Amino acid sequence: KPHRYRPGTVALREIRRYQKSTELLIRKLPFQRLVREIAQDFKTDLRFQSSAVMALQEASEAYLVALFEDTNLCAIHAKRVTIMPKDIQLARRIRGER
Amino acid sequence: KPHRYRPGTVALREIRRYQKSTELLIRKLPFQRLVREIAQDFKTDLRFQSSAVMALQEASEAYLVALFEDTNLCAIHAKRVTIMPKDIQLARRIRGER
Amino acid sequence: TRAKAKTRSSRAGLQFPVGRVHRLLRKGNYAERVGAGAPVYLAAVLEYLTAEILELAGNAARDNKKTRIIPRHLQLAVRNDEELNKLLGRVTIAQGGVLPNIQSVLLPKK
Amino acid sequence: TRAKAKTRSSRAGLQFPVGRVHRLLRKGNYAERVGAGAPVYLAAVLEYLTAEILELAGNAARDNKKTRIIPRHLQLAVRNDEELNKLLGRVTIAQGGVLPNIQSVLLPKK
Amino acid sequence: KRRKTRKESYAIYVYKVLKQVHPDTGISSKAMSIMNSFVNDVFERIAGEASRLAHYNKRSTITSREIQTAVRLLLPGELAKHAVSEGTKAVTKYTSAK
Amino acid sequence: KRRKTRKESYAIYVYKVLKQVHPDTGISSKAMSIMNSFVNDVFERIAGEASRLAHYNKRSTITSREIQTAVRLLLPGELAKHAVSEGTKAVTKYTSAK
Amino acid sequence: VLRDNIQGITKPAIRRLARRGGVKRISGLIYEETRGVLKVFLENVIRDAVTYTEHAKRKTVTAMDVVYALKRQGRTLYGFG
Amino acid sequence: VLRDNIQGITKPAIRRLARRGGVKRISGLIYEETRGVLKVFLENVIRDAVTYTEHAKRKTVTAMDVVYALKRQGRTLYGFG
DNA sequence: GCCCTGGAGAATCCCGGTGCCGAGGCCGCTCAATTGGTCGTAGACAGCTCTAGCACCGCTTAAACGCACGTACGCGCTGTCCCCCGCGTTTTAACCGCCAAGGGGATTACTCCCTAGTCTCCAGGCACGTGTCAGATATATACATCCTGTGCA
DNA sequence: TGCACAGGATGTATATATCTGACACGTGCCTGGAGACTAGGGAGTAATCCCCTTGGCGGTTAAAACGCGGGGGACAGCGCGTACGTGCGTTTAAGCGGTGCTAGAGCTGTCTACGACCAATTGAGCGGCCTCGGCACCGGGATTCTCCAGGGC
């Protein structure tokens with residue numbers, strides 16, 4: 001009988017790991033393609049500094065992480081442990097983004 | 001025999017009435033005594049312009065009404081119709097005040 | 001002899017005061033120098049934004065059968081228009097009240 | 001002969017540049033004039049806040065057996081100190097990470 | 001017989017604009033005070049953004065295009081494009097006049 | 001061939017303060033960049049508030065008093081009282097010297 | 001010297017505020033929480049306003065002191081100058 | 001021309017972000033919601049950064065443009081100048 | 001027995017007359033905006049250098065993806081009970097109208113000292129080199145932890 | 001028969017050795033900060049006025065406080081089914097390292113036209129001052145909404 005951790009052990013291990021580390025969590029080339037594609041709609045033939053893309057990714061990831069913390073609070077408020085789109089929407093509504 | 005409305009009819013009526021209206025909902029003299037008491041701790045023998053006291057009351061009531069809107073959303077999120085201190089605390093935490 | 005004086009607002013076709021906006025820019029610690037077209041542009045923008053808010057507020061006042069705009073009508077204009085409500089999102093309008101809004105789950109189960 | 005030059009930072013007993021702060025105040029479009037004590041006061045305050053952050057960050061670096069402060073140590077310092085966390089409440093420190101916080105309702109049952 | 005000091009406001013220009021958009025419509029003094037603080041608020045927002053634009057680009061002068069970039073930054077979308085249209089039309093008309 | 005144009009930072013001053021508080025601790029280039037941006041940000045906040053203070057009171061000059069009031073408006077509690085003590089001490093020493 | 005004036009923000013007053021906020025049903029524990037929240041809010045605003053008053057070397061808190069305090073805390077208020 | 005790059009923000013990446021956010025369990029509908037949220041955020045920030053870039057008459061979006069846009073949206077970033 | 005009308009009863013709205021006080025128009029007047037020149041420097045522009053951004057390409061492997069399985073979590077349903085709503089009564093103090101005193105905000109005048117401006121001079125600070133050591137990277141090991149089966153009170 | 005260790009597998013914290021590149025320090029030089037003045041106006045100060053804040057007082061009534069059913073909503077429990085977590089094998093593109101090319105960022109030198117400034121002039125805007133009509137208010141009747149008690153399917 002092969003070893004299996006129970007459903008939540010590896011999740012908590014991941015939480016500890018990624019709250020311990022600081023490296024970016026999105027892949028850099030996919031994120032850069034996303035940025036360039038979004039910027040295409042505002043002006044054609046735009047160039048980007050490497051540091052401009054890195055600053056965009058730092059900010060985007062900090063924003064998404066803080067949003068996930070608020071979302072986790074809203075999911076716990078409803079006596080769940082599973083974050084859901086309604087949690088995300090409530091968090092962004094209370095923040096004043098929707 | 002005596003006529004009774006059911007529990008929530010008059011609450012909805014009051015909601016409609018106070019959302020139609022615009023007048024302040026706290027009593028002026030208690031609010032003013034509160035303001036002067038709070039200011040005692042910052043500086044003694046302070047005087048207040050009547051318009052300063054009124055601006056404070058407008059700001060305070062606007063703040064509390066928006067806070068109760070967010071609290072109502074938090075309570076509905078947890079499948080309730082009753083706002084609770086934990087709903088207020090969640091709203092203020094998501095806003096970034098506590 | 002000197003020519004007849006024309007306000008810069010009249011030259012620009014504006015109701016807002018270009019000369020006053022110019023002086024407020026010059027004495028406002030914004031930059032060392034203020035170009036000639038900056039007050040014209042800013043006054044035109046201010047007049048346009050005023051016109052938007054006042055048009056929606058006059059509509060709101062007529063809807064309540066009033067011939068005189070009050071803060072309630074200003075608030076109803078601002079919070080009902082999406083972009084004005086985004087512009088004035090962190091602003092409290094005194095005596096404005098709130099938008100009538102009851103969450104649907106609170107209504108009676110009819 | 002003129003006197004031997006002495007920096008204003010040394011007269012105020014500071015490490016932060018009083019003269020450079022004075023220049024940045026004069027050329028920052030903050031007022032028409034800048035008093036002589038304004039840059040001194042501002043350099044003292046900037047130096048105090050810097051020393052507070054650096055003290056906490058050096059503690060945090062030492063608590064990881066590191067000798068060089070890194071963004072992670074700065075972030076730990078700021079988010080662990082209550083008033084610094086309030087001052088930098090809407091600031092994002094690049095490569096700073098987050099604080100190790102797990103909601104207790106998520107932990108396994110004993 | 002001490003005449004009060006002169007206090008400038010936009011009230012007369014707000015009243016002219018109102019008589020343009022709604023000829024048979026007046027305005028109370030409280031609503032006019034709100035409109036005055038709105039004009040002042042937006043003036044300060046646009047002027048501050050133009051100021052820091054000029055500083056970012058190491059310029060000494062606030063020009064029509066600094067005002068235009070500030071409008072495009074601060075106003076939401078359709079508001080921004082109609083405002084840019086009004087502003088450039090006014091600057092063109094003023095330049096043609098004198 | 002040609003040296004880059006000189007770009008002023010607070011790095012040497014932050015490093016002197018660091019050698020005061022932790023004589024043996026160093027700092028990375030990224031952490032120094034964060035410290036430099038922090039100093040610039042705090043400077044901008046305090047100077048903006050002092051500027052506004054001078055404007056509200058129809059003054060032409062930013063003085064120690066404006067700076068101190070800006071510090072009391074911007075810093076929370078204990079940070080504010082300690083910063084005020086540092087500022088008054090530095091100004092007293094500066095005027096007693098020359 | 002004033003004392004215990006927060007109780008002057010009565011339970012019906014808090015209920016009226018929550019009605020304007022669209023709230024239909026109110027826990028009995030909401031009122032003390034609301035008083036604490038309002039006291040914290042007023043303490044912040046009034047501290048900033050009195051700082052402005054002291055800087056102006058005045059002894060009277062003005063509507064402009066309140067408006068500047070509110071604007072500094074990101075709660076701009078129209079209708080008081 | 002680039003197309004469909006938001007799917008480059010993968011489910012494992014979103015899960016890693018949620019883990020750093022402290023989330024233990026993620027509903028399967030979170031990933032599209034999060035991609036939309038990230039797209040909206042990036043659109044606001046990049047629109048402002050390109051506004052700063054165009055005002056300077058550059059064709060290259062700079063780290064400083066991004067920092068200024070983030071600051072204008074009340075999301076000050078340290079570490080990029 | 002459960003549900004649909006149908007009147008009571010309460011609340012809200014719609015009309016109309018009153019009256020008042022604030023919006024709105026008007027009148028001096030003064031001070032700030034306009035006119036008309038002068039000037040000096042900020043910025044527009046052209047040319048040039050060379051940084052770094054883009055593009056590509058091969059390879060290695062870390063990460064993504066797709067799938068299977070099971071379990072624990074979300075969610076619906078039920079029941080209890082208690083706590084909050086609706087309402088009638090009694091009490092309290094807000095509110096309003098008025099009067100009066102004087103604290104202090106606001107203004108005026110004046111005078112001086114503090115700051116801008118200038119010019120000269122040099123040293124603090126920046127860019128650039130350079131070397132070594134703090135930290136990043138294996139690497140093997142000693143735990144620390146999770147999980148299930150098992151023995152047992 | 002449900003509960004606590006045994007131990008095994010797994011993961012992570014922890015010495016230990018290599019190595020390298022980024023940090024810290026030294027050097028040269030140049031530009032901006034200091035020193036030494038002068039000029040003028042911003043502001044510190046004193047005197048004065050009046051207004052508007054505070055304090056009081058008494059009458060009226062709206063509103064708060066209180067108490068009392070009672071219902072309906074909060075919450076706890078329970079069951080069930082599915083959807084998410086874990087792990088495993090396969091695929092795929094990210095990352096990395098190099099090479100190459102040129103777009104455009106960044107700097108520099110010219111020069112002009114645009115804005116500050118200044119003095120004279122005057123009308124636009126402000127305070128003050130009436131004054132009437134839009135709105136508040138009050139009362140009364142019409143309409144709508146809520147709700148439960150009984151008639152009917």
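Just so we're on the same page: letters track the sequence lines, and every chain starts at 1. The analysis underlying the following values was restricted to heavy atoms, covering all of them including side chains, and did not include hydrogens, waters or symmetry mates.
Regarding contacts with the backbone of J/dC147, a side-chain N or O of B/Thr9 is found under 4.0 angstrom from either OP1 or OP2. Listed pair A/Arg36 / I/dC54 meets the phosphate criterion, a side-chain N or O lying under 4.0 Å from OP1 or OP2. At the phosphate of J/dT12, OP1 or OP2 sits under 4.0 Å from a side-chain N or O atom of A/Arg13. The side chain of A/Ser50 places an N or O atom within less than 4.0 Å of a non-bridging phosphate oxygen (OP1 or OP2) of I/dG53. In this model, the phosphate group of J/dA105 is approached by a side-chain N or O of H/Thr60 to a distance below 4.0 Å at OP1 or OP2. For the pair E/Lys16 and J/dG125, the criterion of a side-chain N or O lying under 4.0 Å from OP1 or OP2 is met. Put simply, D/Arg23 has no side-chain N or O that comes within less than 4.0 Å of OP1 or OP2 on I/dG124. Remark: C/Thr67 is in phosphate contact with J/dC135, judged by side-chain N or O atoms under 4.0 Å from OP1 or OP2. Close to J/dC84, at under 4.0 Å from its OP1 or OP2, lies no side-chain N or O of A/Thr82. Within the 4.0 Å cut-off from OP1 or OP2 of J/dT146, not a single side-chain nitrogen or oxygen of B/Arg6 is found. Distances shorter than 4.0 Å separate some side-chain N or O of F/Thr5 from OP1 or OP2 on J/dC107. Dashed line: the shortest gap from a side-chain N or O of E/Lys4 to OP1 or OP2 of J/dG128 is under 4.0 Å. When the side-chain nitrogen and oxygen atoms of F/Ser60 are compared with OP1 and OP2 of J/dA43, one or more of them lie within a distance under 4.0 Å. A close approach under 4.0 Å does occur between a side-chain nitrogen or oxygen of B/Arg33 and OP1 or OP2 of I/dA94.
In this structure, CD in C/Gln15 is found 10.5 Å from OH in E/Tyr13, a value given to the nearest 0.5 Å.
For J/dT121, its base sits under 3.5 Å from the side chain of C/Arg2 at one donor and acceptor pair at least. For B/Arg4 against I/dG86, a side-chain-to-base donor-acceptor contact under 3.5 Å is present.
E/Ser64 places a side-chain N or O within donor-acceptor distance of the main-chain N or O of C/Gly37, the cut-off being under 3.5 Å.
Within the nucleic acid shown, A/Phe31 has no heavy atom closer than 4.0 Å to any nucleic acid atom. Contacts of D/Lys66 with the nucleic acid, taken as non-hydrogen atoms under 4.0 Å apart, involve only primed sugar atoms and P, OP1 or OP2. Contact annotation for B/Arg80: backbone-only contact, meaning every heavy-atom pair under 4.0 Å involves sugar-phosphate atoms and none involves a base. At a threshold of 4.0 angstrom between heavy atoms, the contacts of A/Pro30 are confined to the sugar-phosphate backbone, with no base atom among them. Nucleic acid contact for D/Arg11: sugar-phosphate only, since backbone atoms but no base atoms lie under 4.0 Å from a heavy atom of the residue. Residue G/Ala13 is out of contact with every strand shown, counting any heavy-atom pair closer than 4.0 Å. Counting non-hydrogen atoms under 4.0 angstrom, G/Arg15 reaches the backbone sugars and phosphates but no base. Base contact: F/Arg3 has a heavy atom under 4.0 Å from a base atom. Across all strands, E/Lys30 comes closer than 4.0 Å to no nucleic acid atom at all (heavy-atom distances). C/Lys4 comes within 4.0 angstrom of sugar-phosphate atoms only, judged by non-hydrogen atoms across all strands, and of no base. Counting any heavy atom pair closer than 4.0 Å across all strands shown, F/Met32 reaches no nucleic acid atom.
No side-chain donor-acceptor contact under 3.5 Å links C/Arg20 and E/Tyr10. Using a 3.5 Å distance cut-off with no hydrogens or angles, the side chains of G/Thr53 and G/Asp65 do pair a donor with an acceptor.
Counting only heavy atoms from C-beta on, C/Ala3 has its side chain closest to I/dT35 among I/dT35, I/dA42, I/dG125.
Position along DNA chain J of the nearest nucleotide to F/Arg59 versus F/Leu18 favours F/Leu18 as the more 5'-ward residue.
Here E/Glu8 pairs with C/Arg23 in a salt bridge; the nearest charged N to carboxylate O distance falls below 4.0 Å.
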